[PDB]
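Chain identifiers are assigned alphabetically (A, B, ...) following the order of the sequence lines, protein sequences preceding nucleic acid strands; residue numbering begins at 1 within each chain.
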Amino acid sequence: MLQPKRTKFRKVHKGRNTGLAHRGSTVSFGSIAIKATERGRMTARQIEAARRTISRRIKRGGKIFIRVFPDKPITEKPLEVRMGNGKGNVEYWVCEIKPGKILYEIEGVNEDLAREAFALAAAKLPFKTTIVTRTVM
Amino acid sequence: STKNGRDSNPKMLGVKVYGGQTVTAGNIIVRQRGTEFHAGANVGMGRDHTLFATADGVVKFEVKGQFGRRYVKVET
Amino acid sequence: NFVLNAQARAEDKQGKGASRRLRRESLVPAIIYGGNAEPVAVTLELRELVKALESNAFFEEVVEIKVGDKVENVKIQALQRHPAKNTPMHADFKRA
Amino acid sequence: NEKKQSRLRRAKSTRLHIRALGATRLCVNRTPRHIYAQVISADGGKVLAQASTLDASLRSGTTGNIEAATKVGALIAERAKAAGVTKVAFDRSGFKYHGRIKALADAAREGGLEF
Amino acid sequence: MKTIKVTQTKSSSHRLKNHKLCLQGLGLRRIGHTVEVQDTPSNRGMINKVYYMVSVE
RNA sequence: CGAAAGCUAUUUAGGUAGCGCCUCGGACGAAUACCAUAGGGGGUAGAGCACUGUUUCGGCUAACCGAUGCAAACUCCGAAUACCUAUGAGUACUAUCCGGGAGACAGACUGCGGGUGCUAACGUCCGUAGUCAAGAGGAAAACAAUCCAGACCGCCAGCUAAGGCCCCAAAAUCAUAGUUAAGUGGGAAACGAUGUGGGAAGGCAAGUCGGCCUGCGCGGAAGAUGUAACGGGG
RNA sequence: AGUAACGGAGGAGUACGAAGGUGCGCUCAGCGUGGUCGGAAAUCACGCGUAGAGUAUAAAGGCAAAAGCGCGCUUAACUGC
RNA sequence: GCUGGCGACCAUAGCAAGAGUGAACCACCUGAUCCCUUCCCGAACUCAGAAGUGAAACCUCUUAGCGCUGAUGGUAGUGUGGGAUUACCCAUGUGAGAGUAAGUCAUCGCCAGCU
Ligand SMILES: C[NH+](C)c1cc(NC(=O)CNC(C)(C)C)c(O)c2c1C[C@H]1C[C@H]3[C@H]([NH+](C)C)C(O)=C(C(N)=O)C(=O)[C@@]3(O)C(O)=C1C2=O
Ligand SMILES: C[NH+](C)c1cc(NC(=O)CNC(C)(C)C)c(O)c2c1C[C@H]1C[C@H]3[C@H]([NH+](C)C)C(O)=C(C(N)=O)C(=O)[C@@]3(O)C(O)=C1C2=O
Ligand SMILES: C[NH+](C)c1cc(NC(=O)CNC(C)(C)C)c(O)c2c1C[C@H]1C[C@H]3[C@H]([NH+](C)C)C(O)=C(C(N)=O)C(=O)[C@@]3(O)C(O)=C1C2=O
Ligand SMILES: [Mg+2]
Ligand SMILES: [Mg+2]
Ligand SMILES: [Mg+2]
Ligand SMILES: [Mg+2]
Ligand SMILES: [Mg+2]
Ligand SMILES: [Mg+2]
Ligand SMILES: [Mg+2]
Ligand SMILES: [Mg+2]
Ligand SMILES: [Mg+2]
Ligand SMILES: [Mg+2]
Ligand SMILES: [Mg+2]
Ligand SMILES: [Mg+2]
Ligand SMILES: [Mg+2]
Ligand SMILES: [Mg+2]
Ligand SMILES: [Mg+2]
Ligand SMILES: [Mg+2]
Ligand SMILES: [Mg+2]
Ligand SMILES: [Mg+2]
Ligand SMILES: [Mg+2]
Ligand SMILES: [Mg+2]
């Protein structure tokens with residue numbers, strides 16, 4: 001599962017996930033893409049699982065472009081500790097997902113096999129997704 | 001136990017007199033760490049880069065020079 | 001050949017709220033500029049435009065807009081799509 | 001280029017200080033062939049007086065040495081007193097103060113200019 | 001000069017401090033109270049701040 | 001008339017003291033506030049990748065280049081508000097200053113912006129506004145902190161707010177046009193499905209096929225005294 | 001402006017008679033190309049050079065009139081304010 | 001019409017690429033005896049000059065290739081009121097950044113000299 005090789009800071013504020021994804025919202029690396037129409041978090045484990053189910057299905061024909069990278073560390077308190085005593089320990093990494101974000105792109109595969117692969121990947125993710133095609137403006 | 005609990009007292013820096021206000025000689029205009037504002041006419045600078053009015057007049061901020069510096073000056 | 005039928009979009013139909021009202025009544029704001037005339041703001045019908053958008057000649061041809069007894073020979077310059085739902089939000093047209 | 005560029009870098013400090021003092025400036029320029037002096041206002045835009053080795057009184061002779069500089073200094077002192085300019089700040093403009101510049105400045109001090 | 005009628009239609013009790021000050025500076029005392037003010041930009045600003053609890057002729 | 005549960009310090013933390021907030025007396029009276037206009041400085045929201053980091057693909061012999069993301073402790077940018085000053089209209093015993101007397105320094109909830117926590121808690125800690133505290137009345141069945149509204153006393157007078165108008169229980173078994181068949185309304189997810197209404201297209205030709213976008217519904221849906229997840233009847 | 005938590009990160013309890021004053025002068029870091037060892041990275045020369053170097057010391061804000069780097073003379077690291 | 005100096009203004013003014021200027025001026029230039037310089041060096045600074053050359057440099061022209069400027073429209077955000085609670089929606093006010101069309105190979109002042 002993906003992870004930054006290094007970061008400036010270990011722990012990070014929680015923040016608010018708000019707004020739409022106007023940046024990573026266009027098919028730019030391949031011909032078909034899966035796009036999140038709902039908001040949430042995407043752990044690195046989910047990214048690995050969805051990539052595995054897509055790649056095993058399309059059977060190595062065509063390239064897969066992972067367009068999300070998990071760069072936000074998430075902490076957790078150990079079990080049976082009270083509420084003070086500093087911030088919890090890093091457990092896993094997530095990517096914040098705004099509606100409109102491209103998650104995976106497939107290049108070099110026909111539409112039906114890629115749509116099968118994307119349907120298989122959607123059942124591994126915690127938000128609703130859609131299948132979008134590359135257009136010209 | 002973690003190792004983060006420290007901070008320093010506030011320093012109360014910033015612009016004290018805004019553009020258009022009247023000043024007398026000796027009135028402090030800007031408390032700043034470096035020179036984010038530079039002294040123009042009728043404005044002096046203290047050892048800690050404090051900008052103060054050396055004359056009566058009204059305060060006026062500008063952007064001048066080829067380095068695009070922010071200048072405070074006092075109009076007499 | 002493509003022909004789009006438009007209406008004039010005066011101010012009081014411009015800005016955030018009026019644009020959202022337009023898009024609720026199945027309309028698209030658009031703008032026409034280029035040449036030496038001034039920009040003209042127009043309202044297009046969403047179904048007409050999303051049908052023209054399906055074709056590829058629509059992006060390589062000179063299309064025509066009719067604001068009402070006025071021809072306008074333009075080329076599509078920029079599209080703005082809603083990020084989540086792919087519906088077009090606004091269109092740019094360059095006089096041709 | 002490099003020489004003029006470095007010399008203007010050398011002049012900037014005195015020029016900015018003279019502007020901050022709000023003083024009438026006696027700016028001098030020196031070329032291998034001529035010498036020039038200008039009495040300039042505190043705002044830096046108006047030339048209150050001037051003198052050079054191009055004056056129909058020094059040109060016909062020889063220019064670019066210490067004697068011509070002394071003559072220019074006397075002439076600029078006179079012309080500056082004629083225009084009611086007494087207290088000035090000397091701007092050597094990145095030139096060393098010794099030499100032809102010093103001859104001009106001494107002739108200007110003896111001419112009546114106060115600095 | 002060119003007066004207008006302003007009536008208070010809702011309560012001013014739990015509003016923002018400056019909205020209550022706009023009502024007090026217009027001269028309005030209670031719900032249903034009506035005042036006659038000069039039509040000026042200085043008064044139109046106070047009326048526009050509190051458009052939601054006031055009715056204008 | 002009318003607070004506060006704040007700040008600073010404290011062998012201090014449930015005490016106390018100065019300041020903040022209340023009241024009384026005196027002085028002085030628009031100096032004050034609200035709004036308009038004018039003049040200012042921001043580095044937040046958003047955005048962006050110019051720096052610091054981080055990140056995907058491709059080219060090139062690692063640097064660079066093209067494309068492509070991200071950031072509390074990144075910034076080439078950059079609001080709304082807020083804050084400061086001047087001038088002005090109108091409306092308000094406003095603002096200052098000098099004295100007497102205090103109380104208070106356990107706060108709570110709701111919204112909005114955050115840290116922490118499990119983007120848990122009627123959790124905790126800040127900022128900001130309102131309410132309670134110290135505030136009754138009407139609504140939310142009941143229900144400090146929600147919504148409407150600020151109770152001087154009296155009246156078998158009228159108009160309204162929130163919220164309501166079949167009966168308990170005051171007022172429409174009111175009107176027009178649609179939708180639902182689930183008592184949905186009147187508790188819940190991923191996901192599943194020729195439910196049913198509407199819209200824009202498309203293919204094939206007695207109409208048929210399957211793709212979308214939507215309105216309202218269905219399943220998913222198991223708990224302990226008794227229906228018991230419309231207050232009830234219905 | 002201020003603003004809390006057993007919130008997230010780091011420093012201090014010094015140094016310096018010059019590393020203070022002043023006048024005068026100077027401009028880095030990195031790249032390329034050449035050159036005795038010598039070599040990616042020392043010193044020399046030449047071209048660029050986008051501020052990316054430096055700052056007694058942590059970070060931030062500054063820094064070309066450089067606030068960075070040298071040389072001469074000095075004691076204003078003065079007293080009353 | 002050209003140079004010189006000092007300013008205003010700080011890229012719509014800049015880079016990159018071409019091109020031209022020696023009457024005067026400016027630059028390079030000749031030599032250092034003298035005044036001054038070099039942690040070595042007349043490179044720089046300084047002085048005494050005028051045999052050359054516009055080569056370099058400066059300056060002036062030309063060019064949108066890159067920079068820089070930059071609308072209109074839309075979008076994001078947001079004050080107030082209201083409605084919902086995963087961050088939206090509605091009314092009203094405000095309104096970016098990015099990107100697009102387009103614009104840019106500066107404008108102005110005081111003084112002196114030469115044509
Ligand atoms: C107006 N701009 C275009 C300009 C003009 C001149 N020229 C003059 O004033 C004198 N010569 C002229 C009048 C042009 C004939 C200029 O001389 C300059 C500049 C620009 C500045 C910019 C500087 C900038 N920083 C230090 C504020 C900067 O960061 C850079 C850079 N490349 O990054 C600079 O180059 C800059 O330092 C600089 O050198 C400028 C000028 O010298
Ligand atoms: C040191 N100064 C003389 C300078 C010179 C040049 N250019 C050169 O050295 C010219 N290069 C040659 C040798 C001629 C090839 C320079 O190019 C620069 C600068 C200054 C810096 C200043 C920077 C500054 N901050 C970041 C330290 C800053 O805040 C500004 C600003 N305007 O606010 C800058 O402009 C700055 O970032 C900057 O760009 C500089 C230069 O570019
Ligand atoms: C316009 N300014 C902001 C500017 C920008 C750039 N561009 C960059 O450095 C771009 N670099 C990136 C890629 C953005 C990092 C620039 O590169 C420059 C300059 C300034 C010029 C000024 C030139 C000037 N002219 C008259 C020759 C000049 O005389 C001086 C001077 N007297 O100092 C210069 O510095 C100048 O030659 C120069 O170097 C400039 C730039 O290089
Ligand atoms: Mg700066
Ligand atoms: Mg709105
Ligand atoms: Mg210096
Ligand atoms: Mg009372
Ligand atoms: Mg009193
Ligand atoms: Mg942000
Ligand atoms: Mg206490
Ligand atoms: Mg307490
Ligand atoms: Mg509290
Ligand atoms: Mg609590
Ligand atoms: Mg109590
Ligand atoms: Mg009550
Ligand atoms: Mg009640
Ligand atoms: Mg009740
Ligand atoms: Mg009634
Ligand atoms: Mg009844
Ligand atoms: Mg009926
Ligand atoms: Mg720069
Ligand atoms: Mg706009
Ligand atoms: Mg813009």
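Nucleotides G/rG54 and G/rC26 fail the base-pair criterion, which asks for a Watson-Crick or G-U wobble arrangement whose two donor-acceptor distances both fall under 3.5 Å. Nucleotides F/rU32 and F/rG195 fail the pairing criterion: they make neither a Watson-Crick nor a G-U wobble pair with both donor-acceptor distances under 3.5 Å. Applying the 3.5 Å cutoff to both bonds, F/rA38 and F/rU85 register as a Watson-Crick or G-U wobble pair. For the criterion of Watson-Crick or G-U wobble pairing, both bonds shorter than 3.5 Å, the nucleotides F/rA33 and F/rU91 count as partners. A canonical Watson-Crick pair (purine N1 to pyrimidine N3 plus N6-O4 or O6-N4) or a G-U wobble (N1-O2 and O6-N3), each contact under 3.5 Å, is present between F/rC132 and F/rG107. The base of F/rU96 does not engage F/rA172 as a Watson-Crick or G-U wobble partner with both distances under 3.5 Å.
E/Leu28 comes within contact range of no nucleotide atom at all, as no heavy-atom separation falls under 4.0 Å. Using a 4.0 Å heavy-atom distance criterion, C/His82 is classed as making no nucleic acid contact. Among the atoms of the strands shown, only primed sugar atoms or phosphate atoms (P, OP1, OP2) are found under 4.0 Å from some heavy atom of B/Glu36. Contact annotation for D/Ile40: backbone-only contact, meaning every heavy-atom pair under 4.0 Å involves sugar-phosphate atoms and none involves a base.
Mapping D/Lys12 and B/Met12 onto RNA chain G by nearest heavy atom places B/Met12 closer to the 5' end of the strand. Along RNA chain G, the nucleotide closest to B/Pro10 and the one closest to A/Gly88 are compared, and the more 5′ of them pairs with B/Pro10.
Listed candidates were F/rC74, H/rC45, F/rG150. Nearest to the side chain of D/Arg10 is H/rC45.
Side-chain contact check for D/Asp55 and D/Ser57: no donor-acceptor pair (N or O, by modelled atom type) lies under 3.5 Å. Side-chain N/O atoms of E/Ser12 and E/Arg30 include no donor and acceptor closer than 3.5 Å.
Taking atom CG of residue E/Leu23 and atom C1' of nucleotide F/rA92, one finds them 13 Å apart after rounding to whole Å.
Side-chain to base pairing of E/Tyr51 with H/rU80: one donor and one acceptor N or O lie within less than 3.5 Å of each other. For H/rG77, the base has a donor-acceptor partner in the side chain of C/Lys16 [N/O atoms by modelled type, under 3.5 angstrom].
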Inset, instruction - Under 3.5 Å for both distances, Watson-Crick or G-U wobble, that's the pair rule; now give the dot-bracket for RNA chain H, with | marking pairs to another strand and [ ] for crossing ones. - result: ((((((((.....(((((((.....(((((((...(.....)...))))..)))....))))).))(((.......(((((((....))))))).......)))..)))))))).
